[PDB]
Amino acid sequence: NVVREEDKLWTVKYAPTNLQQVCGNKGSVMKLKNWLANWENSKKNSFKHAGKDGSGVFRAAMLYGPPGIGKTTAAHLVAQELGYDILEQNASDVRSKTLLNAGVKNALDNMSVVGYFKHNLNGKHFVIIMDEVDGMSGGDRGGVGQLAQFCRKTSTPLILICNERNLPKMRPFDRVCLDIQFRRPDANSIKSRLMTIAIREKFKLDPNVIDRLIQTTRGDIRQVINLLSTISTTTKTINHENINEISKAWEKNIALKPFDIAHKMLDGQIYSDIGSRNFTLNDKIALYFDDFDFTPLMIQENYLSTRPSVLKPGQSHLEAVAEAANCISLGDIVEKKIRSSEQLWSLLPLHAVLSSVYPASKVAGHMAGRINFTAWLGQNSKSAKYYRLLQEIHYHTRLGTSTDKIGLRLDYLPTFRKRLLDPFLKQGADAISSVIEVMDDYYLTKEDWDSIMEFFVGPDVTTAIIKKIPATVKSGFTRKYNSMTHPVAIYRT
Amino acid sequence: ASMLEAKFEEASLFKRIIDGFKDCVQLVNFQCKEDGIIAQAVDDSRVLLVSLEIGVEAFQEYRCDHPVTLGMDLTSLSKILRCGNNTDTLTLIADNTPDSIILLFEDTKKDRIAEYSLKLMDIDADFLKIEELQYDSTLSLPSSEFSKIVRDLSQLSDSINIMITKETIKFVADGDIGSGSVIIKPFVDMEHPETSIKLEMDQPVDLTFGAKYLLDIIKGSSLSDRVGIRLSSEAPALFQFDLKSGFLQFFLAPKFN
Amino acid sequence: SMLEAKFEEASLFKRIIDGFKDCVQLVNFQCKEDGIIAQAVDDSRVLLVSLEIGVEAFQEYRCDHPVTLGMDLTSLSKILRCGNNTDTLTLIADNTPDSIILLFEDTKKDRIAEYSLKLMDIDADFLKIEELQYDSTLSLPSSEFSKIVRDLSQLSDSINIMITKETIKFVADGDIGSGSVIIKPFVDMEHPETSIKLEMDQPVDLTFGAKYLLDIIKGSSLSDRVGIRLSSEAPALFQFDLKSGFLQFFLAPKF
Amino acid sequence: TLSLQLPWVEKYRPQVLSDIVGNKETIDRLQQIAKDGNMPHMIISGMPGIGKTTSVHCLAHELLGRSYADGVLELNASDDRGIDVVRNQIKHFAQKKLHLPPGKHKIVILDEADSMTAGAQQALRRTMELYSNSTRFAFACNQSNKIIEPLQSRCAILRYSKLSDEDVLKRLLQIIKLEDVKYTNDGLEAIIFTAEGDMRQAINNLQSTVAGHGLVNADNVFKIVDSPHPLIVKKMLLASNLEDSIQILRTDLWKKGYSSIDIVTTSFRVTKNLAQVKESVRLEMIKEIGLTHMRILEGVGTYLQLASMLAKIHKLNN
DNA sequence: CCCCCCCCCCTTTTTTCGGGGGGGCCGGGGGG
DNA sequence: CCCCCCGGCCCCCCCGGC
DNA sequence: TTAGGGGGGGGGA
Ligand SMILES: Nc1ncnc2c1ncn2[C@@H]1O[C@H](COP(=O)(O)OP(=O)(O)OP(O)(O)=S)[C@@H](O)[C@H]1O
Ligand SMILES: Nc1ncnc2c1ncn2[C@@H]1O[C@H](COP(=O)(O)OP(=O)(O)OP(O)(O)=S)[C@@H](O)[C@H]1O
Ligand SMILES: [Mg+2]
Ligand SMILES: [Mg+2]
């Protein structure tokens, strides 16, 4: 039997048949086609001779963009046009480490039986299209890193499609694929197709309301077609008389991203009487819940970079900043309470008020620059690394010093600076013996020396000081240290 | 219950046939015509093609009005086939435009009937045309020896290389832990003709294959006592297990040089 | 190829691996003229494994110079899983240890399969074992000891062995309940192997960890009789005997 | 007695689309779909007890007729709906061969889809696309934002609003006429007021009042359905004098058995939505209420803490 | 053709208990 | 005696207000 | 009201 076209979804009945029917992202489609067409030539060159486009140093391509823009269709059409066999995997299949190593791993360098039995010069090879890669779950067992390694060792073209490129789980794919971006289609590129669908489906649509519908779905062509199909069932005319209701009913509710959340939260308009009556306090609290792990950090980062428009009479910017900082401190206390052994998550809404909403309301205005990403995370990582180094050094020197790690950092290290680095600056290469003797007296290693010399701050920074030392002195120091037997403090057994 | 009626005198034959290739393919389309039942399927990796033939001589009775196409998920079929004793008669019954098939297990000594209904699947696939090709390599060996060698070599490496030249067969596996090589030579014995390894080389051959697919293929050792491997230069290798009235063929795509 | 050790049946060698392939992973096979000797220690530093095999057990041991055939038991098990248990194993090692040659040969079909394994370096510090006069020395069938250990490892994680005048007691007390097994020395003639022997000098009462004992009992595949030597102030020894060698486990009593 | 009377919520559950009150446009669209067919993938969202599951079941029945048994696969939160179920059971149902009327398709109902894990939702994406020619998906949820955007892109959106008091009165009067219930206008008004747009709650309260007192009047209705405590909290927070607020706290909430944690949570929720009060004043009140809530969570759930919270709130407005 | 304007899209990642889900060995049992 | 099957600890990642 | 800066693509003196 066969399926009548009347029983098929409009998105399938009116799907693109060739690459010239794809709306928007023409440059991305051309880039993907060029990358796939010269894959064999790049393989003959070992993927080392980057071409004019620079796509010759990539064995795989990664297509990314918002939902419903034509990524999968473009990939399939480009694969079919050049005459390759397609092996498609998606989230409906198991793609764990073991399954990936037992499945597509073999197909990476295997001939296609379908290609052989259906024979172009490229029909016997595979074009592996891994779709919904962002849906994969896991850090090691998930197989994302295994897929990244496959991208490096693939012997055939491999295309990855994802919707959220900027995620930690997509970190392994940083610089292993040709990154192609598909952006939201413009109204003009899809106007003709919408008109054709409307005249084919026999309903009346005013061309002027098209832009409103495209803005309602945030560029999703599939959602636009679904909206047309649903509304045309009863409402046979789409015009300005009913555009508002249709837009409101079918308005996508997509959570904002940290930068957008920070921008909207720090806008004074929503904190005015009219703005407050339009964007209510409940809406502001919900905006925080779009990303509750990053919103307070963004607010704390960007609450000092505004020209306020909500200052109370007789109140300066600094006073509002101080009040916001006090409320941020209270919110930090609440956050500490939440993530304790008690697990008081019911306090999450209050945190939203204490960390984002209230402090923003005090400095809400116009951004006085660019919205920056929170620097607390990198600083915390740096602090953790330095604390680990300090612990290692303290326990290396524990048997010789009577103090703790904080006392070692604050008292001992400045004195050690005058007996480990300063002599080299005065006695040149003749201070190696004394410095090595001092290091041995405290069971210190060369890596301990380097870590020590990185702790000093402010006027005691040493990077330039150490660099200015003649290379011969450093080479002699290394040679002398490596040509001697040094004592050991902690015997790991 | 008139269109298609196929009776296996023993239900174990069909269960074994399904067991032979249920670990590689999941959804299989069976075409039943007045001449017998054929089936063609392709695995997910699209490198192994499974073909099955069952003639009218393997059926105690076989009546098919006009050709009928049945899509089946081998997991459900295998689960159903475990519910009947290996010594009972198994009748497959199908009708026009069937949404399901009937599997009737009947035992002679007891007055017991076990009727099961299996829902059919809608599968969209094309019947690949397999044209005869003059393979310049043909080796017929006992199934047990092939299974043993494949299992032994799969432990070390993920790929196995078969090399055919004058009076010698070499199976080689290379892996991180180590390597393993097995050399067989043609041999014939009149007292035990079922262990006679045979070779027919027109041109030397060297082909590498995936260990997983060979491991899946050797699961058909149950059906037949000997396996026939026909190899080529740049064409899929044919692994055939012969049945009384039909056959089970695996076309495996070799790894690119 | 100075090292050439032949095994009439490879199964023996496989069994040797089965004895200690769970407690330890990487070992060094210091093959010398007298034979092969290995010493491994678990990650917790509480159990030792000492294995020795002599030229008498080996069919044609013909090593010429000292060699340290370090290997991982995981891969050795895989290579030993290939080949019938009745085939001969001609282990062959060359001048510089880089890879080992496990050659399996069958005479019924006059066919030979050559497998190789890569060798890895291990920072071993082999320690010679001193001989001490242990307080008590008992010997019982391996099956009985394994059964007792498996039975008493379910009711508690610690098993107490009490050796006293004509009596050996295995006790395990937990939250669900207690369990005691009392075995007295006895001798049989129609089945000499099914006998329990005890040498008793001082009363002994030592508590061991059940999980160590579970690993130890796996050596039953080698020998059908297991001999345990226990002392108040020294690690207990559990020995399984081979044709021309031994496999011993040293354990530290807990409290 | 070991017998149970069937609840009116089940005895009078609508069986056809024409018997559903509220959301007239959406129900009309559902009827039009049931008439023509070609049902699209849809997600129905709304507040509890407004007729979402009833609408989905009525549409499925009106579309499939005698084939309902084989053409409908219904799964809810009480059934296993993991990734394995999606990849094996739903896939098998979608791939099943079933001969249906010319313009009909199989239906997969996923009630309370907001409770599904992200993995199952991601897995459903390609299953919906590859088998749309034979199967269609209808999700029913309370929070549409919990459905991943890729799934929302593939489905139509049907948002259900609160039922107006007129619709509730209409349905209650129909049930009363079909049950010969003796009622007074004030009783029905009280039932509607306490229902707060929830048809299920209204019907349950009416049945309980009838079975417990017989006559459906204001007095009997209020003896079954207690006064909503959120309104009492709102009155307490909007009182002019501190003495009045303390009296409301003591007489209407504390002595009635309401817990301090419930009182503080309700106070926070009410303050968050007190549009009459300015946003800054509400923020200060929320800070005070949060301090009180933190004190209560630490173990001091005393009446003195609530009195101090009320005193601080009054001081803020002075 | 370079130039102009407009629009869209990117900047980037830490953690205290309990519950639930999903994947992987392991080992007991049945069976040939 | 040995292979296949399939239930049962262990492990690791992700939420958590409404 | 548009945070700053870079990338895409249709229009055009
Ligand atoms: N650029 C486009 N031009 C025309 N139709 C499109 C386009 N993009 C999407 N569509 C329509 O939407 C349907 C689905 O398109 P897909 O490419 O599958 O969506 P997508 O871009 O892959 O987004 P996701 O990640 O799958 S939700 C197609 O069959 C078309 O009907
Ligand atoms: N619009 C309505 N018209 C008539 N009766 C209704 C309506 N909505 C609800 N009811 C009654 O309330 C009962 C429960 O309604 P349901 O629709 O099953 O619950 P619900 O709307 O799904 O709430 P949730 O979100 O699933 S907790 C129905 O069986 C009816 O008796
Ligand atoms: Mg897609
Ligand atoms: Mg329901």
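So that the names make sense, note that chain A is the first sequence line, chain B the second, and so on, each numbered from 1.
- A donor-acceptor contact closer than 3.5 angstrom is absent between the side chains of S355(A) and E335(A).
- Computed from coordinates, the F373(A) CZ to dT14(E) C1' distance equals 10 Å when rounded to whole Å.
- Taking 90° from 0 as the syn/anti boundary, the base of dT16(E) is oriented syn.
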Salt bridge (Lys or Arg N to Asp or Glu O under 4.0 Å) assessment of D22(C) paired with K218(C): CA-CA 9 Å; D22(C) 299 296; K218(C) 276 144 175 300; 3.3 Å; yes
Full working for side-chain hydrogen bond (donor to acceptor under 3.5 Å, both in side chains) between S55(A) and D53(A): CA-CA 6 Å; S55(A) 66; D53(A) 301 354; 5.1 Å; no
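- Note on ring orientation: taking the six-membered ring where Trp is involved, the planes of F294(A) and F373(A) are tilted (angle from 30° to 60°).
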Where protein sits on nucleotides 25-32 of chain E, one letter per nucleotide: B base, S sugar-phosphate only, - none, heavy atoms under 4.0 Å: --------
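- Atom CD of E164(A) is separated from atom P of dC10(E) by 11 Å (rounded to the nearest Å).
- Neither OP1 nor OP2 of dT13(E) sits under 4.0 Å from any side-chain N or O of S381(A).
- Going from atom CD1 of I261(A) over to atom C1' of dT13(E) covers 14 Å, rounded to whole Å.
- At a threshold of 4.0 Å, the pair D151(C)-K147(C) counts as salt-bridged, since one of the basic side-chain nitrogens sits closer than that to a carboxylate oxygen.
- The nearest heavy atom of DNA chain F to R82(B) and to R151(B) marks one nucleotide each, and the one closer to the 5' end goes with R151(B).
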Intra- and interstrand pairs of DNA chain F - dot-bracket, Watson-Crick/G-U under 3.5 Å, | marks other strand: |||||.|||...|||...
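- Rounded to whole Å, atom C1' of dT15(E) lies 9 Å from atom CG of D293(A).
- Between the NZ atom of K14(C) and the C1' atom of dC1(F) there is a distance of 14 Å, given to the nearest Å.
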Sequence-aligned protein contact record of nucleotides 12-18 of chain F, with B where the base is within under 4.0 Å of a protein heavy atom and S where only the sugar-phosphate is: BS--BBB
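- Atom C1' of nucleotide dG22(E) and atom CG of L99(A) are separated by 13 Å, given to the nearest angstrom.
- When each of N302(A), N372(A), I371(A) is checked for a side chain to side chain contact (heavy atoms under 4.5 Å, CB included) with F259(A), only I371(A) meets the rule.
- With contacts defined as side-chain heavy-atom distances shorter than 4.5 Å, the pair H351(A)/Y288(A) qualifies.
- The same atom, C1', is picked in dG22(E) and in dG8(F); the two are 15 Å apart, to the nearest Å.
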Protein-to-nucleotide contact annotation, 5' to 3' order, nucleotides 2-12 of chain G [B base; S sugar-phosphate only; - none; under 4.0 Å, heavy atom]: -BS--SSS---
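- Side-chain N/O atoms of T306(A) and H366(A) include no donor and acceptor closer than 3.5 Å.
- The side-chain contact (heavy atoms from CB on, under 4.5 Å) test applied to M30(A) returns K33(A), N34(A), not counting sequence neighbours.
- A syn orientation is assigned to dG17(F), its glycosidic angle lying within 90° of 0.
- The interatomic distance linking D179(A) (CG) with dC9(E) (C1') rounds to 15 Å, in whole Å.
- In this structure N282(A) satisfies the side-chain contact (heavy atoms from CB on, under 4.5 Å) test together with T280(A), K272(D), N273(D), sequence neighbours excluded.
- Panel note: side chain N88(D), backbone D84(D); a donor-acceptor pair is recorded below 3.5 Å.
- Judged by the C1'-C2'-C3'-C4' torsion, the sugar of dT13(E) sits on the north side, since the angle is positive.
- Dashed line: the shortest gap from a side-chain N or O of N166(A) to OP1 or OP2 of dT11(E) is under 4.0 Å.
- The existence of a salt bridge linking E10(B) and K15(B) is excluded, since no basic side-chain nitrogen approaches an acidic carboxylate oxygen closer than 4.0 Å.
- For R184(A), the listed nucleotide lying nearest its side chain is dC9(E); candidates were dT13(E), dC9(E), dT14(E).
- When rounded to the nearest whole Å, the span between CD of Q300(A) and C1' of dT14(E) equals 14 Å.
- Of the possible polar contacts, one joining the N90(A) side chain to the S92(A) backbone as a donor-acceptor pair under 3.5 Å is found.
- Salt bridge annotation for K252(A)-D220(A): present, with a cationic side-chain nitrogen under 4.0 angstrom from a carboxylate oxygen.
- With both pairing distances under 3.5 Å, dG9(G) is matched to nothing as a Watson-Crick or G-U wobble pair.
- Atom name P, nucleotides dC10(E) and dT2(G): the rounded distance is 23 Å, in whole Å.
- Stacking of the bases of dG11(G) and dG12(G) is indicated, with six-membered ring centres separated by less than 5.5 Å and ring planes inclined by less than 30°.
- A side-chain donor-acceptor contact under 3.5 Å links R184(A) to the backbone of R218(A).
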